[PDB]
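Student: Dropping the structure in here first, questions after.
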Amino acid sequence: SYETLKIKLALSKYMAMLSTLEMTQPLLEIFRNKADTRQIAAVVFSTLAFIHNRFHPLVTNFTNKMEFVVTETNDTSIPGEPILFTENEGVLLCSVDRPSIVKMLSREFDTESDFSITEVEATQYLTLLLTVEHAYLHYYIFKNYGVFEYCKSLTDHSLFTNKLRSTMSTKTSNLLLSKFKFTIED
Amino acid sequence: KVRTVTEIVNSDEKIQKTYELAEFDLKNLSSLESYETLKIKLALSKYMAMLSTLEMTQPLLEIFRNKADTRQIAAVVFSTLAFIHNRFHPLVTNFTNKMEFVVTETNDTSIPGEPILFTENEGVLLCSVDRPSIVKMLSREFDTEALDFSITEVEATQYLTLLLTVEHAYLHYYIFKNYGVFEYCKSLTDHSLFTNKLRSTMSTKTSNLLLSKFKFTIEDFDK
Amino acid sequence: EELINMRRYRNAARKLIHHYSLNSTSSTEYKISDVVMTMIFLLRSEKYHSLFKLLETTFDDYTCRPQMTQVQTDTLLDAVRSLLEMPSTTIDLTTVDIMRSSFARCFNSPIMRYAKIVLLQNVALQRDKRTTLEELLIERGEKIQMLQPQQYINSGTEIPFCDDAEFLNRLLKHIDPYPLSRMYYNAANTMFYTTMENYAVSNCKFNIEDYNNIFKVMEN
Amino acid sequence: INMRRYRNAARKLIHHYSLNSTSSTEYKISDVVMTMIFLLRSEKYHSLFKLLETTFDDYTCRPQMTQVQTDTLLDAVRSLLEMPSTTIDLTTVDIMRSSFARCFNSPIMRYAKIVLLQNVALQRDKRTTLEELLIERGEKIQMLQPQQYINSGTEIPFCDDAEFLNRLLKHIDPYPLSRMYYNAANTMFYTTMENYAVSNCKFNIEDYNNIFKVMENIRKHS
């Protein structure tokens, strides 16, 4: 359908962004190694900018300054919240669990010029992007709503649920996450 | 026992699967501090119970002191070794070979680190021990801990500490048994090889060293 | 003491003591025996022994009275003069205080320990199956923020409007006709698997309905 | 003149340098000074006090005590540790003396110079080596028959009532944990390097570094 067409189109454009400026890693996932510093942030920052500009094309250049911490310990760990971002004083600082990401991205997966591509590994992009989407929710919340409701929502995710911003659409229709539905069974 | 359902942009039904409750409680208990503490304490309890069964084991440090009777010393050694054998694997509960054992009374036998010495010839496996230094090792155990049955923590301290060195010896004996004199000597030159050899050892149960660190300042590790 | 070669030890101790004076600092050098000798000498010299026992105040938070007769204070300062050359800069309470400060800055528990191995504690779990992630946040306290943050890529700012056909269209040729649905299914599976595991690890447990709300995104 | 307090410090210092020094940050230059003063006061111990003060890089005409005088000295030592259950060999005390020599020869200041070494002062003008351990050898073992073997209390015993053993366990639950190790295991089997008392072949950090790489495997392989 036209829907599938546009979905794979957005997928392909995600591959285009993945054709990143640096894209220097021999890996698919630098995260495989403890050593990296810059490429982590490169990927993250880039993906965030991409998402935001998709949500609206009305941004020139994505804010430049930011700072980061790697997190790799149970102390650092926050179940449910693999990635975190705040523009404190307007200055973005952010954190991401290397092990928590890797240990499950790498998990076993179902299986039902050559220049050829593999579904599951592509899907890694999808899943990670979903995590970024979850983050962005709260991000955009706090962007216009105060610390009180921000912090509250960080647990009451339902708070933003069943409240529009402009409309139930609010261009969310133009976001891929809208196309999915789920329920935990009894 | 749980199930899961998911849906799509299209009306084309859903995907479903089940997931099993057990693993999650299993893992949280596998990290449950109290659980592991209980495990190690249970091990120590088992050992002390075997001591009680062993002719109602008498006061330790003096029993080891005084040169009174080699018999009880040898019995302690043998029983502890069998206990470790059983813990690491109950599957092969024991080992037949009889032998006498050597006590030695002189610094001139001093082996640094190793207090206990396996040896063999002519099919007569044997082991040997310098009591004096070990007596000193046990003696003076302030155990400051500053920071009805008379079962004090104090002598229990030694009752534990023995086990560590006995385990260390058990390693060497196992190595020799599997590979004999050449590997045994080449190893007891330097313990460093142990893991590189024993990578196979996916044993069902775990060594004592739970505290996961025994380190001191980097300095003086000079090239 | 017969043994202590009183004259020699006196001379050495004096040379050490001078380092409290601004001009003298013992050439930034000492041997701890040098210090040790001085207290002994003062104990052997009663003219000083009084002052010495008083200067036990130097290290001791509680040693006895400051208030002594004017004559008594002179009885101390004169002994000081005798010990020293007393060429100028006449002995005074200012000198006394400076001395005391100098000892405070000298005796500061300088180390002599040798060795002792170190352990660590590596189990999160404490007895609460109930734990909310909220109170776990209270635990975390953003304590990590005490730890230095790390610069971003410092690329400046950009939006990659990467219009393409050279690579893009050949990518499009790999239309990749796969059950996108079931891959999404797997993705969601693993994502809740991650969070479920991490909850278990924390010993936290939660209302599944909250997760249902979290997922509940789409409308109209 | 708090002779009492000074002694109280001194005894701690004695244990700290001798053996089983479970204490931490025992060192205090003022306290050791109080120790020296206590020694001076100890007319009966003036022999030891003079011996100790003698510690300098000269040490020609060591005390050369008659064995009787050494025995009385050991009596003093035990009476002053007040833990007399053993009389340590004089050589340990001389080694602590060498440590005190290091203390003297120290213009060392606010810098946190932990001594961070086992003192090499046990020498008898000899040299020693690891493969030479094979030459230290068990020729003696070959010269000795093992004392005996007998079957009595024979063969394979096994565990008693779990419930009774839990009864006993309840006495164990109160006690702290792992501090027992940090006292006994740490101190004792660090200081086991004392075995280098045999002409001091050097210690080797390297094999002691086994510990992490060996224990890790438990977690590494679940």
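Starting from 1 in every chain, residues are counted up; chains themselves are A, B, ... following the order of the structure tokens, and ligands are numbered from 1 as listed.
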Produce a table with one row for each residue of chain D that has an atom at most 10 Å from any atom of chain C, each row naming the nearest atom pair and its distance in Å at one decimal; use only C-alpha atoms; arrange rows by chain and rising residue number; format as JSON lines.
Tutor:
```
{"residue": "D:1", "atom": "CA", "partner": "C:53", "partner_atom": "CA", "distance": 8.2}
{"residue": "D:16", "atom": "CA", "partner": "C:113", "partner_atom": "CA", "distance": 9.2}
{"residue": "D:17", "atom": "CA", "partner": "C:113", "partner_atom": "CA", "distance": 9.4}
{"residue": "D:21", "atom": "CA", "partner": "C:116", "partner_atom": "CA", "distance": 9.3}
{"residue": "D:22", "atom": "CA", "partner": "C:116", "partner_atom": "CA", "distance": 8.8}
{"residue": "D:23", "atom": "CA", "partner": "C:116", "partner_atom": "CA", "distance": 9.8}
{"residue": "D:24", "atom": "CA", "partner": "C:113", "partner_atom": "CA", "distance": 8.1}
{"residue": "D:25", "atom": "CA", "partner": "C:113", "partner_atom": "CA", "distance": 6.6}
{"residue": "D:26", "atom": "CA", "partner": "C:113", "partner_atom": "CA", "distance": 7.6}
{"residue": "D:27", "atom": "CA", "partner": "C:112", "partner_atom": "CA", "distance": 5.9}
{"residue": "D:28", "atom": "CA", "partner": "C:109", "partner_atom": "CA", "distance": 5.3}
{"residue": "D:29", "atom": "CA", "partner": "C:109", "partner_atom": "CA", "distance": 6.5}
{"residue": "D:30", "atom": "CA", "partner": "C:107", "partner_atom": "CA", "distance": 7.3}
{"residue": "D:31", "atom": "CA", "partner": "C:109", "partner_atom": "CA", "distance": 9.6}
{"residue": "D:32", "atom": "CA", "partner": "C:36", "partner_atom": "CA", "distance": 8.9}
{"residue": "D:33", "atom": "CA", "partner": "C:36", "partner_atom": "CA", "distance": 6.2}
{"residue": "D:34", "atom": "CA", "partner": "C:39", "partner_atom": "CA", "distance": 9.5}
{"residue": "D:36", "atom": "CA", "partner": "C:36", "partner_atom": "CA", "distance": 8.2}
{"residue": "D:37", "atom": "CA", "partner": "C:40", "partner_atom": "CA", "distance": 7.2}
{"residue": "D:40", "atom": "CA", "partner": "C:40", "partner_atom": "CA", "distance": 8.7}
{"residue": "D:50", "atom": "CA", "partner": "C:3", "partner_atom": "CA", "distance": 7.9}
{"residue": "D:53", "atom": "CA", "partner": "C:33", "partner_atom": "CA", "distance": 8.8}
{"residue": "D:54", "atom": "CA", "partner": "C:3", "partner_atom": "CA", "distance": 9.8}
{"residue": "D:55", "atom": "CA", "partner": "C:33", "partner_atom": "CA", "distance": 9.5}
{"residue": "D:56", "atom": "CA", "partner": "C:33", "partner_atom": "CA", "distance": 9.3}
{"residue": "D:99", "atom": "CA", "partner": "C:112", "partner_atom": "CA", "distance": 9.6}
{"residue": "D:100", "atom": "CA", "partner": "C:33", "partner_atom": "CA", "distance": 9.6}
{"residue": "D:101", "atom": "CA", "partner": "C:33", "partner_atom": "CA", "distance": 9.0}
{"residue": "D:102", "atom": "CA", "partner": "C:32", "partner_atom": "CA", "distance": 9.5}
{"residue": "D:103", "atom": "CA", "partner": "C:32", "partner_atom": "CA", "distance": 6.6}
{"residue": "D:104", "atom": "CA", "partner": "C:32", "partner_atom": "CA", "distance": 4.7}
{"residue": "D:105", "atom": "CA", "partner": "C:31", "partner_atom": "CA", "distance": 5.4}
{"residue": "D:106", "atom": "CA", "partner": "C:31", "partner_atom": "CA", "distance": 5.3}
{"residue": "D:107", "atom": "CA", "partner": "C:30", "partner_atom": "CA", "distance": 4.6}
{"residue": "D:108", "atom": "CA", "partner": "C:110", "partner_atom": "CA", "distance": 7.7}
{"residue": "D:109", "atom": "CA", "partner": "C:110", "partner_atom": "CA", "distance": 5.9}
{"residue": "D:110", "atom": "CA", "partner": "C:110", "partner_atom": "CA", "distance": 5.8}
{"residue": "D:111", "atom": "CA", "partner": "C:110", "partner_atom": "CA", "distance": 7.6}
{"residue": "D:112", "atom": "CA", "partner": "C:111", "partner_atom": "CA", "distance": 5.8}
{"residue": "D:113", "atom": "CA", "partner": "C:111", "partner_atom": "CA", "distance": 6.0}
{"residue": "D:114", "atom": "CA", "partner": "C:113", "partner_atom": "CA", "distance": 4.9}
{"residue": "D:115", "atom": "CA", "partner": "C:114", "partner_atom": "CA", "distance": 4.1}
{"residue": "D:116", "atom": "CA", "partner": "C:114", "partner_atom": "CA", "distance": 4.4}
{"residue": "D:117", "atom": "CA", "partner": "C:114", "partner_atom": "CA", "distance": 6.1}
{"residue": "D:118", "atom": "CA", "partner": "C:114", "partner_atom": "CA", "distance": 7.7}
{"residue": "D:119", "atom": "CA", "partner": "C:114", "partner_atom": "CA", "distance": 9.5}
{"residue": "D:178", "atom": "CA", "partner": "C:119", "partner_atom": "CA", "distance": 8.9}
{"residue": "D:179", "atom": "CA", "partner": "C:119", "partner_atom": "CA", "distance": 9.5}
{"residue": "D:181", "atom": "CA", "partner": "C:119", "partner_atom": "CA", "distance": 9.5}
{"residue": "D:182", "atom": "CA", "partner": "C:119", "partner_atom": "CA", "distance": 7.5}
{"residue": "D:183", "atom": "CA", "partner": "C:116", "partner_atom": "CA", "distance": 9.7}
{"residue": "D:185", "atom": "CA", "partner": "C:117", "partner_atom": "CA", "distance": 9.6}
{"residue": "D:186", "atom": "CA", "partner": "C:117", "partner_atom": "CA", "distance": 6.0}
{"residue": "D:187", "atom": "CA", "partner": "C:116", "partner_atom": "CA", "distance": 6.8}
{"residue": "D:190", "atom": "CA", "partner": "C:116", "partner_atom": "CA", "distance": 7.9}
{"residue": "D:191", "atom": "CA", "partner": "C:115", "partner_atom": "CA", "distance": 9.5}
```
Student: Residues of chain B were defined as contacting chain C if any atom lay at most 9 Å from it, counting only C-alpha atoms; please report them as a PyMOL selection string.
Tutor: chain B and resi 4-9+14-16+24-25+27-29+31-34+211-217
Student: Using only C-alpha atoms and a cut-off of 6 Å, which residues of chain C sit close to chain A? Please list them as a ChimeraX atom specification.
Tutor: /C:149-153,156-159,187,195,198-199,213-214,218
Student: Atoms to include: C-alpha atoms. Write the selected residues as a CSV table (one decimal), in the first residue's frame.
Tutor:
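That gives us selection-v2.csv:
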```
chain,number,residue,atom,x,y,z
C,149,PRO,CA,30.6,15.3,32.1
C,150,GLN,CA,32.2,14.7,28.7
C,151,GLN,CA,32.2,17.0,25.7
C,152,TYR,CA,29.9,16.4,22.8
C,153,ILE,CA,31.3,15.8,19.3
C,156,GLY,CA,29.0,22.7,15.8
C,157,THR,CA,25.4,22.6,14.5
C,158,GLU,CA,23.9,21.0,11.4
C,159,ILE,CA,20.9,19.4,9.8
C,187,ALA,CA,11.5,-5.4,18.6
C,195,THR,CA,12.9,-3.3,31.0
C,198,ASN,CA,16.2,-4.4,34.6
C,199,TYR,CA,13.2,-4.2,37.0
C,213,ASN,CA,-0.4,3.5,28.9
C,214,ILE,CA,3.2,4.1,27.8
C,218,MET,CA,-2.2,6.2,18.4
```
Student: Mind the document's chain letters and residue numbers, and return as JSON, numbers by chain the residues of region 32-214 of chain D that DSSP labels helix (DSSP H, G or I).
Tutor: {"D": [32, 33, 34, 35, 36, 37, 38, 39, 40, 41, 43, 44, 45, 46, 47, 48, 49, 50, 51, 52, 53, 67, 68, 69, 70, 71, 72, 73, 74, 75, 76, 77, 78, 79, 80, 81, 90, 91, 92, 93, 94, 95, 96, 97, 98, 99, 100, 101, 102, 103, 104, 133, 134, 135, 136, 139, 140, 141, 142, 143, 162, 163, 164, 165, 166, 167, 168, 169, 170, 171, 172, 179, 180, 181, 182, 183, 184, 185, 186, 187, 188, 189, 190, 191, 192, 193, 194, 195, 196, 197, 205, 206, 207, 208, 210, 211, 212, 213, 214]}
Student: Between A:18, A:26, A:3, A:138, which residue has the minimum interatomic distance to residue 167 (chain C), considering only C-alpha atoms?
Tutor: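 Ranking A:18, A:26, A:3, A:138 by distance to residue 167 (chain C), first place goes to A:18.
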Student: Hey, what's within 12 Å of residue 125 (chain D) if we count only C-alpha atoms and toss same-chain stuff fewer than 2 positions away? As a short mmCIF file (atom, residue, chain, number, x, y, z; two decimals) with C-alpha atoms, in the first residue's frame, please?
Tutor:
```cif
data_model
loop_
_atom_site.label_atom_id
_atom_site.label_comp_id
_atom_site.auth_asym_id
_atom_site.auth_seq_id
_atom_site.Cartn_x
_atom_site.Cartn_y
_atom_site.Cartn_z
CA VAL D 120 64.55 -6.39 53.27
CA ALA D 121 66.66 -6.45 56.44
CA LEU D 122 66.60 -10.17 57.32
CA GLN D 123 69.69 -11.02 55.28
CA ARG D 127 71.20 -15.27 47.63
CA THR D 128 68.04 -17.12 46.72
CA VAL D 198 65.02 -17.56 54.52
CA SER D 199 67.64 -15.30 52.92
CA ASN D 200 64.94 -13.12 51.35
CA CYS D 201 64.29 -14.23 47.83
#
```
Student: Mind giving me the straight-line distance from CA of residue 98 (chain D) to CA of residue 59 (chain D) in Å, one decimal?
Tutor: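 CA of residue 59 (chain D) lies 10.9 Å from CA of residue 98 (chain D).
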Student: Smallest atom-to-atom distance to residue 184 (chain D): which of D:19, D:197, D:13, D:81, using only C-alpha atoms?
Tutor: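 For residue 184 (chain D), the nearest of the candidates is D:19.
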Student: In Å, with one decimal, what is the gap from CA of residue 154 (chain B) to CA of residue 52 (chain B)?
Tutor: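 Taking CA of residue 154 (chain B) as the start and CA of residue 52 (chain B) as the end point, the length is 17.2 Å.
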Student: Do you know which residues are at most 12 Å from region 95-97 of chain C counting only C-alpha atoms, after dropping those on the same chain fewer than 2 positions away, and could you put them as a list in words?
Tutor: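 With the cut-off at 12 Å, the set is residues 18, 20, 21, 22, 51, 54, 55, 57, 58, 66, 73, 74, 76, 77, 80, 81, 89, 90, 91, 92, 93, 99, 100, 101, 102, 103 and 104 of chain C.
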Student: List every residue of region 60-205 of chain B that DSSP, applied to the backbone of this structure, places in strand (DSSP E), and write the result as a ChimeraX atom specification.
Tutor: /B:102-104,116-121,124-130
Student: Just to be explicit: take each residue in the selection above, keep C-alpha atoms, and write the result as an mmCIF file, in the first residue's frame.
Tutor:
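What ended up in part13.cif:
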```
data_model
loop_
_atom_site.group_PDB
_atom_site.id
_atom_site.type_symbol
_atom_site.label_atom_id
_atom_site.label_comp_id
_atom_site.auth_asym_id
_atom_site.auth_seq_id
_atom_site.Cartn_x
_atom_site.Cartn_y
_atom_site.Cartn_z
ATOM 1 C CA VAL B 102 54.843 -35.957 56.922
ATOM 2 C CA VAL B 103 55.110 -33.250 59.523
ATOM 3 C CA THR B 104 58.234 -31.098 59.463
ATOM 4 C CA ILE B 116 51.557 -27.817 52.227
ATOM 5 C CA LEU B 117 53.433 -29.976 49.749
ATOM 6 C CA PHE B 118 52.132 -32.823 47.623
ATOM 7 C CA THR B 119 54.731 -35.348 46.473
ATOM 8 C CA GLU B 120 54.830 -38.858 45.093
ATOM 9 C CA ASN B 121 57.141 -41.698 44.256
ATOM 10 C CA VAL B 124 53.131 -43.824 47.151
ATOM 11 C CA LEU B 125 51.373 -40.478 46.992
ATOM 12 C CA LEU B 126 52.231 -38.341 50.007
ATOM 13 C CA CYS B 127 51.808 -34.844 51.393
ATOM 14 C CA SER B 128 53.771 -32.850 53.924
ATOM 15 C CA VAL B 129 53.217 -29.923 56.271
ATOM 16 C CA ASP B 130 55.371 -27.598 58.384
#
```
